[PDB]
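Encoded as structure tokens, the structure appears first; notes follow it.
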Amino acid sequence: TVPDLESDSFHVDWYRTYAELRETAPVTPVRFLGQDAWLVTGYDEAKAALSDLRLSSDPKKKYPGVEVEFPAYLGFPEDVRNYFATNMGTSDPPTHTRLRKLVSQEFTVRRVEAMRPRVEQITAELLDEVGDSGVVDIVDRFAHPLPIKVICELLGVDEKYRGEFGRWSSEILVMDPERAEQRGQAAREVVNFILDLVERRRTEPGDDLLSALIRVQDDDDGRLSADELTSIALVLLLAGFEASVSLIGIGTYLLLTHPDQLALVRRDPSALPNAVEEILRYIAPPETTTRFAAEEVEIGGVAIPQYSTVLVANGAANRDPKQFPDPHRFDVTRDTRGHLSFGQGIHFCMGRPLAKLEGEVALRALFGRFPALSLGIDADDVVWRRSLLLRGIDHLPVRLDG
Ligand code: HEM
Ligand SMILES: CC[C@H]1OC(=O)[C@H](C)[C@@H](O)[C@H](C)[C@@H](O)[C@@H](C)C[C@@H](C)C(=O)[C@H](C)[C@@H](O)[C@H]1C
Numbered sequence: 003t004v005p006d007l008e009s010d011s012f013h014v015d016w017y018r019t020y021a022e023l024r025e026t027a028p029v030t031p032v033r034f035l036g037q038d039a040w041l042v043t044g045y046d047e048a049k050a051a052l053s054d055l056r057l058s059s060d061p062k063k064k065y066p067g068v069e070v071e072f073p074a075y076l077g078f079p080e081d082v083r084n085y086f087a088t089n090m091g092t093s094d095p096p097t098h099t100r101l102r103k104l105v106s107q108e109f110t111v112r113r114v115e116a117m118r119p120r121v122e123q124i125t126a127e128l129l130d131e132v133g134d135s136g137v138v139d140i141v142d143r144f145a146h147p148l149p150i151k152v153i154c155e156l157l158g159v160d161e162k163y164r165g166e167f168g169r170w171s172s173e174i175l176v177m178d179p180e181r182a183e184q185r186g187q188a189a190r191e192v193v194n195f196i197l198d199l200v201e202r203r204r205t206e207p208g209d210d211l212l213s214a215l216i217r218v219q220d221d222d223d224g225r226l227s228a229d230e231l232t233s234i235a236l237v238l239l240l241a242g243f244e245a246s247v248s249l250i251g252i253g254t255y256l257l258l259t260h261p262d263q264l265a266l267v268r269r270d271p272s273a274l275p276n277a278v279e280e281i282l283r284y285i286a287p288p289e290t291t292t293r294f295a296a297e298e299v300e301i302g303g304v305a306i307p308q309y310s311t312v313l314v315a316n317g318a319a320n321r322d323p324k325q326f327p328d329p330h331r332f333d334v335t336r337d338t339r340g341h342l343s344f345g346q347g348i349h350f351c352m353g354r355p356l357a358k359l360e361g362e363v364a365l366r367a368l369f370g371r372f373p374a375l376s377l378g379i380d381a382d383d384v385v386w387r388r389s390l391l392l393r394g395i396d397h398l399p400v401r402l403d404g
């Protein structure tokens with residue numbers, strides 16, 4: 003019986019489901035969105051897969067008699083897919099190399115650190131607005147607005163252009179065959195929004211990251227083409243805040259349900275950085291990441307046939323007991339080195355410095371401002387986003403004063 007990634011087994015106590023699969027076959031056939039695929043749940047296997055470049059990240063490449071379909075582009079018209087997939091994460095070397103090197107020249111640690119004061123101020127202002135007591139949805143009031151405001155400032159997106167794309171991005175995070183048309187339509191809205199944003203930045207340059215990317219170049223890697231610039235801007239906008247929203251929300255939930263863990267962090271401030279790493283290891287937002295077998299590729303003693311769609315379960319790998327002992331225990335003091343929540347290999351997250359900064363500042367500020375913060379509902383009643391693309395929490399009631 004081939005597992006169906008659409009079943010509740012993968013959205014209800016799903017890490018137990020992953021453990022059962024890993025135990026039987028760390029690399030096994032599955033069904034998803036009406037197509038055959040291979041799910042990799044073992045840590046060694048997942049790391050090997052992400053390191054094997056025969057497993058391509060480019061959905062635009064064409065192969066004779068093959069119709070390449072990445073689950074994440076469900077409902078996307080071809081031109082829209084291209085707008086979404088002409089960037090680092092959707093490119094293979096040598097294209098990937100050139101794009102990443104050019105973007106790395108401007109998306110630096112220096113630029114990220116320069117934003118630290120802004121992240122702190124935005125965080126402070128959002129917390130100032132929730133009051134001192136009562137129940138509030140910490141996602142709508144904090145976890146979601148902080149990252150979205152930060153990415154907008156990083157990319158030169160004016161205030162008048164912010165309270166809208168969040169809704170489209172949300173529809174895109176879920177992959178429901180029933181809403182394939184609406185998903186494709188939300189995608190087109192994001193494209194149109196980015197096209198107007200780039201147009202505005204080209205005519206009115208600033209000191210933001212997008213303005214800089216419009217000018218970036220180098221003798222060897224040349225520069226970003228119009229299509230590359232637009233697509234990179236699009237992914238930087240979406241990935242630039244959604245993963246962070248998931249981190250802050252999941253992090254808040256985990257600390258609220260692990261009193262011992264929270265106490266330790268509050269006790270020793272130097273322990274916060276690793277707490278964020280453990281939060282990402284425990285429940286990775288990018289639960290699975292997709293690859294396409296350009297050639298036959300053997301992983302874990304299993305021959306993945308050419309043209310196969312491979313779903314590397316980053317999250318499942320993080321709970322492989324062979325790599326992370328007592329994997330189901332959330333321990334902010336554990337050695338988290340090696341987790342795959344930021345990827346592995348040439349596509350390793352470019353936003354890691356900003357993600358860690360946002361998580362550290364956000365959680366430190368939230369739990370520091372509200373010492374009696376408690377969950378507004380039973381832990382078992384929290385609703386987890388039904389998505390293998392980006393796991394997270396969209397609504398989380400909390401009691402500001404316990
Ligand atoms: C907690 C938050 C974050 C997590 C968990 C995360 C996770 C990841 C993962 C798993 C990958 C590799 C994907 C693959 O192998 O196909 C990745 C790639 C990347 N991330 Fe993040 N990310 C986060 C935040 C950010 C932020 C804030 C930005 C931008 C502002 C960002 C920009 C990117 C880019 C551009 C890549 C593509 C790199 C490449 O393909 O060479 N990430 N991220
Ligand atoms: C709809 C499909 C796309 O998803 C998204 O952009 C999601 C909103 C983001 O949260 C994803 C999950 C990121 O966080 C990173 C893991 C990967 C990202 C940087 C890529 O480059 C990747 C090609 C990506 O754009 C697509 C999978």
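Here the sequence shown is numbered in the authors' numbering, starting from 3 and rising by one per residue. For every residue, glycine included, the Cβ atom is placed at its ideal position computed from N, Cα and C.
Subject >> Any beta strand (DSSP E) of 3 or more consecutive residues that is wholly inside the segment 278-329 >> reply: Correct list: 291-295, 299-301, 304-306, 311-314.
**OP:** Pair every Cβ in the segment 292-306 with every Cβ in the segment 18-36, then say whether three or more of these pairs are closer than 8 Å.
**Re:** As far as the Cβ criterion goes, the segment 292-306 touches the segment 18-36, which means the pair count is three or higher.
Subject >> At least 3 beta-carbon pairs within less than 8 Å: the segment 312-325 vs the segment 350-357 >> reply: These segments do not touch.
**OP:** Using the Cα positions of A273 and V334, report the straight-line distance between them to the nearest angstrom.
**Re:** If I take the Cα positions, the gap works out to 8 Å.
**OP:** Output the distance between the C-alpha atoms of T338 and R56, rounded to the nearest integer angstrom.
**Re:** If I take the Cα positions, the gap works out to 28 Å.
**OP:** Indicate the three-state DSSP secondary structure (helix, strand or coil) for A87 in the structure shown.
**Re:** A87 falls in the coil class under three-state DSSP.
**OP:** Rank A182, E166, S172 by C-alpha distance to the C-alpha of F195 and give the top, closest one.
**Re:** Scanning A182, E166, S172 for the CA closest to the CA of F195 turns up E166.
**OP:** Return the CA-CA distance between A315 and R120, expressed in angstroms with no decimal places.
**Re:** For the pair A315 and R120, the Cα-to-Cα distance works out to about 34 Å.
**OP:** Would you list the one or two residues that DSSP bridges to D139?
**Re:** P399.
Original post:
Looking at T335 and ligand 2, is the gap between the Cβ and the nearest heavy atom below 7 Å?
Top reply: No, Cβ of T335 sits at least 7 Å from all heavy atoms of ligand 2.
Subject >> Span of the beta strand (DSSP E) around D178 >> reply: Counted as a single uninterrupted DSSP element, the stretch harbouring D178 is not any beta strand (DSSP E), since DSSP gives it neither H nor E.
Original post:
Can you round the beta-carbon distance between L226 and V237 to whole angstroms, since I take them to be within the 8 Å contact cut?
Top reply: Between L226 and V237 a beta carbon distance of about 13 Å is seen, past the 8 Å cut, so the two are scored as non-contacting.
Original post:
Could you give the C-beta distance for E191 and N89, rounded to a whole number, given that I count them as a contact under 8 Å?
Top reply: Not quite, the Cβ-Cβ distance comes to about 19 Å (not below 8 Å), so this is no contact.
**OP:** Could you say if the segment 145-160 and the segment 239-257 meet the contact criterion of at least three C-beta pairs nearer than 8 Å?
**Re:** Yes, since at least three Cβ pairs between the segment 145-160 and the segment 239-257 fall closer than 8 Å, the two stretches touch.
Original post:
If you compare alpha carbons, which of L157, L240, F332 is closest to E206?
Top reply: Selected option, being the one with the closest Cα: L157.
Subject >> Extent of the continuous alpha helix (DSSP H) to which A50 belongs >> reply: 45-53 is the extent of the alpha helix (DSSP H) around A50.
Subject >> Spatial neighbours of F344 in its chain, beta-carbon cut-off 7 Å, leaving aside the 5 residues before and after >> reply: Beyond the five residues adjoining it in sequence on each side, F344 comes within less than 7 Å, by CB distance, of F350, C351, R354 in the same chain, given in chain order.
Subject >> Collapsed DSSP secondary structure at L197 in the structure displayed >> reply: Of the three classes helix, strand and coil, the one that applies to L197 here is helix, per DSSP.
Original post:
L238 by DSSP, collapsed to three states: which one?
Top reply: Note: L238 maps to helix in three-state DSSP.
Subject >> Nearest-angstrom Cβ-Cβ length linking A286 and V312, presumed shorter than 8 Å >> reply: Rounded, the Cβ-Cβ distance is 17 Å, inconsistent with contact.
**OP:** Could you pull out every residue in the same chain whose Cβ sits closer than 7 Å to the Cβ of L359, ignoring the five residues on either side in sequence?
**Re:** Counting only Cβ-Cβ distances below 7 Å, and skipping sequence neighbours, we find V114, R118, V121.
**OP:** Tell me, please, which residues DSSP counts as bridged to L57.
**Re:** According to DSSP, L57 bridges with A295.
Subject >> Proximity below 8 Å, CB of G224 to CB of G394 >> reply: Not closer than 8 Å, so no.
Subject >> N316 Cβ short of 7 Å to ligand 1 heavy atom set >> reply: When distances are taken from the beta-carbon of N316 to the heavy atoms of ligand 1, the shortest one is below 7 Å.
**OP:** Tell me whether the beta-carbon of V141 lies closer than 8 Å to the beta-carbon of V132.
**Re:** Between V141 and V132, the gap from beta carbon to beta carbon reaches 8 Å or more.
**OP:** May I ask you to verify whether the segment 371-378 touches the segment 75-88, counting CB pairs closer than 8 Å and requiring at least 3?
**Re:** These segments do not touch.
Subject >> Buried/exposed call for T3, threshold 16 Cβ in 10 Å >> reply: With fewer than 16 other Cβ atoms from the protein chains shown falling within 10 Å of its own Cβ, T3 counts as exposed.
**OP:** Taking only the alpha-carbon atoms, compute the straight-line gap between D94 and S376 and give it to the nearest angstrom.
**Re:** When rounded, the distance between both Cα atoms is 45 Å.
Original post:
With 16 as the cutoff for other CB atoms within 10 Å, does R169 come out buried or exposed?
Top reply: When all chains shown are included, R169 counts as exposed.
Subject >> Collapsed DSSP secondary structure at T30 in the structure displayed >> reply: Strand at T30.
Subject >> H349: CB within 7 Å of a non-hydrogen atom of ligand 1 >> reply: Yes.
Original post:
How many whole angstroms separate the CB atoms of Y85 and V14, which I take to be in contact at a CB cut-off of 8 Å?
Top reply: The C-beta distance from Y85 to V14 rounds to 34 Å, too long to meet the 8 Å contact threshold.
Subject >> Start-to-end residues for the beta strand (DSSP E) that takes in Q37 >> reply: It spans 37-42 - the beta strand (DSSP E) in which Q37 sits, taken as one unbroken run.
Original post:
Cα separation between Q187 and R268?
Top reply: Roughly 45 Å between the two C-alpha positions.
Subject >> Contact test: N84 Cβ vs ligand 2 heavy atom, cutoff 7 Å >> reply: Checking the Cβ of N84 against ligand 2 gives no.
Original post:
Pick from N320, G404, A87: whose alpha carbon is nearest that of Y20?
Top reply: From the listed residues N320, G404, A87, the smallest Cα separation to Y20 is found for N320.
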